[PDB]
Amino acid sequence: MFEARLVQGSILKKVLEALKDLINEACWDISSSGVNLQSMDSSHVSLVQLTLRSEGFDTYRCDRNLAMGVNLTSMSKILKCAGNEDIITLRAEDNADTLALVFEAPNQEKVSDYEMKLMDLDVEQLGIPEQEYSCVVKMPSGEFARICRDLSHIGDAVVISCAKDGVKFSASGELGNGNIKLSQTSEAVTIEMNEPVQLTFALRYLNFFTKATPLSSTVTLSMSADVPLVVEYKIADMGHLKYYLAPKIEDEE
Amino acid sequence: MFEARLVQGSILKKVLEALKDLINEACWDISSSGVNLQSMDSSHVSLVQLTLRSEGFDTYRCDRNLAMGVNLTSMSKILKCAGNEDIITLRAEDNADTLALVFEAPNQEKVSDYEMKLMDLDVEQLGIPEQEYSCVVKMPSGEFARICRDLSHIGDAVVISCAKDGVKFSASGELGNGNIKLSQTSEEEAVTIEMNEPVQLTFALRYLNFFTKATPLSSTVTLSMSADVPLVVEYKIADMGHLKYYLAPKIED
Amino acid sequence: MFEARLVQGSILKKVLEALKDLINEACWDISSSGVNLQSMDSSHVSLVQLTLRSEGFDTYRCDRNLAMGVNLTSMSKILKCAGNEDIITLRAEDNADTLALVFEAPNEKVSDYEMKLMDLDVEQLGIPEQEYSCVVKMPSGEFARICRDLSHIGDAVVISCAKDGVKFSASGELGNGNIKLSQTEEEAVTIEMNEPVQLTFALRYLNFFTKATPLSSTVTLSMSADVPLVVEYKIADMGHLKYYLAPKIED
Amino acid sequence: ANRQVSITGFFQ
Amino acid sequence: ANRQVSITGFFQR
Amino acid sequence: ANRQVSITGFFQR
């Protein structure tokens with residue numbers, strides 16, 4: 001019997017608003033450690049890794065390890081019936097194929113209770129190869145978001161070039177081309193370059209990743225030659241949300 | 001010759017924004033008592049009762065009793081040409097088949113004058129059977145509005161169950177089901193309930209949602225139900241009169 | 001080699017948001033005097049005149065006189081990648097068929113956009129310097145509202161200017177209405193009537209002209225019998241933006 | 001809770 | 001007050 | 001930078 005109490009319920013809201021457009025149906029792994037979710041996107045071009053540690057919850061409790069095949073769209077809709085201030089409570093029954101969302105409004109004169117139908121998902125599981133990264137860029141999530149929106153008007157893909165001094169994003173299309181340059185501080189931008197890197201990514205997906213912006217003031221980007229870019233947003237004391245995007249390769253001949 | 005001066009003209013604006021989407025063509029009964037309007041909705045599932053007492057107006061005046069078949073859509077569009085601070089003046093001629101809307105901007109260096117074409121409507125008149133209600137629920141209009149918006153994501157209809165302690169709204173659909181519970185408290189933030197007899201009735205959220213367009217007219221709204229009769233949804237228009245919405249329930253076959 | 005530095009870059013943003021919907025492809029005349037642009041609209045019912053004096057720029061510089069056939073839609077899109085606080089820098093090469101837009105964020109970030117130019121054989125027009133019977137100065141917001149309001153009543157607006165004040169009116173299916181302004185700092189309405197005038201204009205275009213409202217607190221309207229109405233927005237110390245609309249004639 | 005009824009049936 | 005006129009008829013090139 | 005690659009080509013199932 002699962003039961004978690006989250007006082008800053010807006011966090012849950014923000015999480016679903018960050019997964020719903022990228023993932024239709026996902027699986028929520030519950031355990032004494034906390035909730036966790038890992039899923040490729042529809043396109044199978046990226047992987048989302050959500051981590052909500054039980055510590056972050058104001059009351060966690062997991063008797064039986066659960067695997068809830070959830071329709072993120074239904075859960076999102078349901079979650080919009082919560083005030084950004086209500087206390088949200090996830091509660092399930094190891095025997096029931098339904099999850100329960102209870103929202104308690106601060107002043108407790110109102111309580112919403114939603115029972116969402118779960119589903120059997122035979123989701124294709126993947127395993128991330130723990131690796132090292134040539135470059136790690138920390139920067140305001142808002143700036144990152146803006147960058148991705150801007151370039152989106154120029155072209156479909158963005159070339160992320162990371163050197164010693166700073167990092168550079170650039171694109172090109174019908175209406176010419178452009179690029180944005182960020183340099184380390186001396187709101188700040190920190191860069192850890194062991195090796196200059198250059199990779200091409202689709203702005204379409206980066207733009208999906210950015211729906212997580214309201215989850216953190218900052219975001220870190222981790223790249224490396226010929227490997228998936230890592231876009232990660234921390235969820236203060238709760239855990240995090242990581243997005244892996246496969247790069248675009250140059251088909252030679 | 002009709003002539004009414006309304007200083008808080010935003011009231012008129014709010015009124016039309018609350019009728020336009022439910023009613024296409026209505027009849028406005030004018031008299032020395034004040035303006036009044038009663039009309040079934042398109043669907044013939046509900047009845048709207050508007051009451052604007054002459055006292056509320058800052059200058060009323062009705063020589064001949066009038067019946068103005070108005071197109072609420074045209075009147076709505078026209079009314080959007082009024083600032084939320086302009087002084088509005090309805091003025092008609094017993095002989096003219098046109099109503100005049102004059103808006104005076106506070107400063108008074110600007111005056112808008114609109115002559116709206118009336119029409120002959122042979123509207124189907126109905127008579128409300130003055131009756132008593134088992135339950136009357138007073139609550140913030142915003143809370144009520146939110147409740148109706150929330151459930152609308154769960155299903156098409158809402159079951160309003162009123163008991164001794166409190167009242168309950170609930171619905172169900174593809175994505176499961178949910179319900180909200182309100183309990184009495186102990187001004188415009190509290191919930192009062194008057195239960196003489198527990199009641200349970202089914203209504204279409206679609207229409208309740210239309211009724212809620214009146215939310216900006218009052219801080220609170222009262223719900224009056226009774227076994228096998230139309231639910232009454234009423235919004236008071238401070239010192240002017242009110243706006244009542246009657247919705248016929250859904251019956252079992 | 002052209003190079004202009006504009007600190008209040010939001011001005012450039014506002015300008016394109018005011019031309020983009022009226023003009024698809026325009027020509028930007030650059031010179032030591034400053035940037036200038038004059039173009040009929042698509043419909044060939046109006047003429048836009050933009051004037052950006054070099055004085056207004058915080059760093060101007062024009063070696064060779066330039067004529068840049070610009071796609072205002074592409075330039076608009078590009079310009080939306082600028083913060084309302086970034087320092088914008090136009091820079092071109094007399095030999096390159098491309099204009100460069102560099103945005104410098106106040107605080108570590110620089111955006112650089114190279115926009116492709118194009119050969120435009122635009123049809124040039126010459127405005128006949130003339131005098132006006134009436135000139136009405138008023139808040140741009142009030143004017144904008146007026147045009148939006150009337151747009152719900154009908155397609156055209158009759159602007160009647162008399163001694164006391166000015167009047168706008170329209171009519172359609174749902175009846176008709178009119179707004180009256182009378183003389184009475186950027187909240188006031190001043191009128192200069194030498195001769196009463198009455199002219200009919202399409203609200204559709206007036207509504208395009210109003211996309212310039214965020215450029216000035218006020219706007220002046222200049223009319224005269226049987227001639228294009230002049231709608232002008234000043235661009236503080238930079239120059240201005242003028243819209244000429246041909247009136248509707250009776251048959 | 002199955003079929004919508006019209007207000008006419010409650011009063012004419 | 002009925003037919004829209006083009007600026008070309010008011011302005012010459 | 002040409003063709004989009006799927007994460008499967010980097011992560012085994």
# chains A, B, ... in the order shown; residues from 1 in each chain; ligands from 1
call {"tool": "calpha_fit_rmsd", "arguments": {"fixed": "chain E", "moving": "chain F"}}
result
0.4 Å
call {"tool": "interface_residues", "arguments": {"of": "chain C", "to": "chain B", "cutoff": "7 Å", "atoms": "only C-alpha atoms", "output": "number ranges by chain"}}
result
C: 149, 152, 174-182
call {"tool": "interface_residues", "arguments": {"of": "chain A", "to": "chain F", "cutoff": "12 Å", "atoms": "only C-alpha atoms", "output": "PyMOL selection string"}}
result
chain A and resi 39-48+123-131+156-160+170-172+198-205+226-230+243-253
call {"tool": "residues_around", "arguments": {"residues": "residue C:247", "least_positions_apart": "2", "cutoff": "8 Å", "atoms": "only C-alpha atoms", "output": "PyMOL selection string"}}
result
(chain C and resi 199-202+226-229+245+249) or (chain E and resi 4-5)
call {"tool": "write_last_selection", "arguments": {"atoms": "N, CA, C and O atoms", "output": "short mmCIF file (atom, residue, chain, number, x, y, z; two decimals), in the first residue's frame"}}
result
data_model
loop_
_atom_site.label_atom_id
_atom_site.label_comp_id
_atom_site.auth_asym_id
_atom_site.auth_seq_id
_atom_site.Cartn_x
_atom_site.Cartn_y
_atom_site.Cartn_z
N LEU C 199 -14.01 62.55 -44.13
CA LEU C 199 -13.42 61.53 -45.00
C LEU C 199 -13.68 60.14 -44.48
O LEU C 199 -13.82 59.92 -43.28
N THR C 200 -13.77 59.19 -45.41
CA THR C 200 -14.03 57.79 -45.11
C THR C 200 -12.77 56.93 -45.28
O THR C 200 -12.11 57.00 -46.32
N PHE C 201 -12.46 56.13 -44.27
CA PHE C 201 -11.29 55.25 -44.30
C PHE C 201 -11.66 53.86 -43.84
O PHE C 201 -12.65 53.69 -43.13
N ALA C 202 -10.86 52.88 -44.26
CA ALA C 202 -11.06 51.48 -43.90
C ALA C 202 -10.41 51.21 -42.54
O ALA C 202 -9.21 51.41 -42.37
N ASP C 226 -10.26 65.30 -49.86
CA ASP C 226 -9.81 64.49 -50.99
C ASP C 226 -8.29 64.23 -51.08
O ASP C 226 -7.68 64.44 -52.12
N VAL C 227 -7.70 63.77 -49.98
CA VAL C 227 -6.28 63.44 -49.97
C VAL C 227 -6.05 62.40 -48.90
O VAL C 227 -6.89 62.24 -48.00
N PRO C 228 -4.94 61.66 -48.99
CA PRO C 228 -4.57 60.61 -48.03
C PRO C 228 -4.45 61.13 -46.60
O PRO C 228 -3.84 62.18 -46.33
N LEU C 229 -5.04 60.39 -45.66
CA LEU C 229 -4.96 60.74 -44.26
C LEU C 229 -3.54 60.41 -43.80
O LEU C 229 -2.94 59.43 -44.26
N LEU C 245 -2.93 56.84 -45.67
CA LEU C 245 -4.00 55.97 -46.14
C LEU C 245 -4.89 56.71 -47.13
O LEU C 245 -5.36 57.82 -46.87
N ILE C 249 -13.58 56.75 -51.94
CA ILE C 249 -14.31 57.72 -52.74
C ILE C 249 -15.71 57.21 -53.06
O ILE C 249 -15.96 56.01 -53.03
N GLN E 4 -12.94 51.94 -52.20
CA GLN E 4 -11.57 52.18 -51.75
C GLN E 4 -10.69 52.60 -52.90
O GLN E 4 -10.74 51.99 -53.97
N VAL E 5 -9.90 53.63 -52.68
CA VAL E 5 -8.99 54.14 -53.70
C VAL E 5 -7.55 53.75 -53.35
O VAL E 5 -7.22 53.62 -52.18
#
call {"tool": "closest_atom_pairs", "arguments": {"of": "chain A", "to": "chain B", "cutoff": "8 Å", "atoms": "only C-alpha atoms", "output": "Markdown table"}}
result
| residue | atom | partner | partner_atom | distance |
| --- | --- | --- | --- | --- |
| A:74 | CA | B:175 | CA | 5.9 |
| A:77 | CA | B:153 | CA | 6.5 |
| A:78 | CA | B:153 | CA | 7.0 |
| A:80 | CA | B:150 | CA | 7.5 |
| A:81 | CA | B:150 | CA | 4.9 |
| A:109 | CA | B:183 | CA | 5.7 |
| A:110 | CA | B:182 | CA | 4.9 |
| A:111 | CA | B:181 | CA | 5.3 |
| A:112 | CA | B:180 | CA | 4.2 |
| A:113 | CA | B:179 | CA | 5.4 |
| A:114 | CA | B:178 | CA | 4.0 |
| A:115 | CA | B:177 | CA | 5.5 |
| A:116 | CA | B:176 | CA | 4.7 |
| A:117 | CA | B:176 | CA | 5.2 |
call {"tool": "residues_around", "arguments": {"residues": "residue C:235", "least_positions_apart": "5", "cutoff": "7 Å", "atoms": "only C-alpha atoms", "output": "list in words"}}
result
residues 215, 216 and 240 of chain C
call {"tool": "residues_around", "arguments": {"residues": "residue D:1", "least_positions_apart": "4", "cutoff": "7 Å", "atoms": "only C-alpha atoms", "output": "PyMOL selection string"}}
result
chain B and resi 202+250-252
call {"tool": "write_last_selection", "arguments": {"atoms": "C-alpha atoms", "output": "short mmCIF file (atom, residue, chain, number, x, y, z; two decimals), in the first residue's frame"}}
result
data_model
loop_
_atom_site.label_atom_id
_atom_site.label_comp_id
_atom_site.auth_asym_id
_atom_site.auth_seq_id
_atom_site.Cartn_x
_atom_site.Cartn_y
_atom_site.Cartn_z
CA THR B 202 -27.25 15.01 -11.80
CA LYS B 250 -30.77 14.71 -15.91
CA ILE B 251 -33.25 11.91 -15.24
CA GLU B 252 -32.74 8.12 -15.33
#
call {"tool": "residues_around", "arguments": {"residues": "residue B:13", "least_positions_apart": "3", "cutoff": "9 Å", "atoms": "only C-alpha atoms", "output": "list in words"}}
result
residues 9, 10, 16, 17, 18, 76, 79, 80, 82 and 84 of chain B
call {"tool": "select_by_dssp", "arguments": {"residues": "stretch 14-113 of chain B", "states": "strand (DSSP E)", "output": "PyMOL selection string"}}
result
chain B and resi 25-30+34-40+46-53+66-71+87-92+98-104+110-113
call {"tool": "atom_distance", "arguments": {"atom1": "atom CA of residue A:73", "atom2": "atom CA of residue A:24"}}
result
6.1 Å
call {"tool": "residues_around", "arguments": {"residues": "residue B:49", "least_positions_apart": "3", "cutoff": "6 Å", "atoms": "only C-alpha atoms", "output": "PDB file with N, CA and C atoms, in the first residue's frame"}}
result
ATOM      1  N   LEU B  37     -35.159  40.356 -17.503  1.00  0.00           N
ATOM      2  CA  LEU B  37     -35.015  39.490 -18.657  1.00  0.00           C
ATOM      3  C   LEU B  37     -35.134  38.036 -18.226  1.00  0.00           C
ATOM      4  N   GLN B  38     -35.974  37.281 -18.922  1.00  0.00           N
ATOM      5  CA  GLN B  38     -36.160  35.876 -18.605  1.00  0.00           C
ATOM      6  C   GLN B  38     -36.182  35.112 -19.922  1.00  0.00           C
ATOM      7  N   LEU B 243     -28.977  37.732 -10.953  1.00  0.00           N
ATOM      8  CA  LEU B 243     -28.934  36.925 -12.165  1.00  0.00           C
ATOM      9  C   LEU B 243     -29.112  35.480 -11.716  1.00  0.00           C
ATOM     10  N   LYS B 244     -30.228  34.855 -12.115  1.00  0.00           N
ATOM     11  CA  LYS B 244     -30.552  33.474 -11.739  1.00  0.00           C
ATOM     12  C   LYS B 244     -30.548  32.500 -12.913  1.00  0.00           C
TER      13      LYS B 244
END
call {"tool": "atom_distance", "arguments": {"atom1": "atom CA of residue C:146", "atom2": "atom CA of residue C:204"}}
result
12.5 Å
call {"tool": "select_by_dssp", "arguments": {"residues": "stretch 72-231 of chain C", "states": "alpha helix (DSSP H)", "output": "PyMOL selection string"}}
result
chain C and resi 72-79+140-150+203-209
call {"tool": "atom_distance", "arguments": {"atom1": "atom CA of residue A:196", "atom2": "atom CA of residue A:164"}}
result
6.8 Å
